[PDB]
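> sequence, then the experimental structure. Questions to follow.
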Amino acid sequence: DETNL
Amino acid sequence: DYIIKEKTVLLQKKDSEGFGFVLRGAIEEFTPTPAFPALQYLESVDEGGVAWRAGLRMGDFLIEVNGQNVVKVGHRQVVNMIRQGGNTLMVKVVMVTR
């Protein structure tokens, strides 16, 4: 699981 | 051998932008090894981004978010802890080499 910050 | 480079940076962004990185990571029983010193890491960092200008790179592992250790902390709670600070983020990472 990834997130763009 | 292993070369561990610790670097502490302060990220300051504008409302109309992001820090310029993609956080990837993760169970939970975590044993930090020299190769994997943390769970969450930077999967990519936007060239000329806030994070990028701050020195941060693809492969760096997230050790601390705003003074608080995130070494064993889940993905959700880490992203969550990053948002908490708004436009300012002080982050402590490790670059593992060889």
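Nice, thanks for sending it over. Residues are numbered from 1 along each chain as shown, chains lettered A, B, ... in the order given.
> how close does residue B:47 get to residue B:57?
Using CB to CB, to the nearest Å, residue B:47 is found at 10 Å from residue B:57. C-betas here are computed from N, CA, C, even on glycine.
> looking at the two, which is more packed in?
residue B:57 (14 against 8; other CB atoms under 10 Å in any protein chain shown).
> the more buried one sits in which helix or strand?
Counting by DSSP states H and E, no helix or strand carries residue B:57.
> report the contact partners of it.
Shown in contact with residue B:57 (CB atoms under 8 Å, 6 or more residues apart in numbering or on different chains): B:42, B:45, B:95.
> does the first one sit in a helix, a strand or a coil?
When the structure is reduced to helix, strand and coil (DSSP: H, G, I helix; E, B strand; the rest coil), residue B:42 reads as strand.
> residues touching residue B:98, list them.
Taking CB under 8 Å, 6+ apart as the test, what residue B:98 contacts is B:1-3.
> and the residue most central in space within chain B, what helix or strand is that in?
Closest residue to the average C-alpha location of chain B: residue B:62 at 3.4 Å, with CA atoms, centre = their mean. Using DSSP H and E, residue B:62 sits within strand B:61-65.
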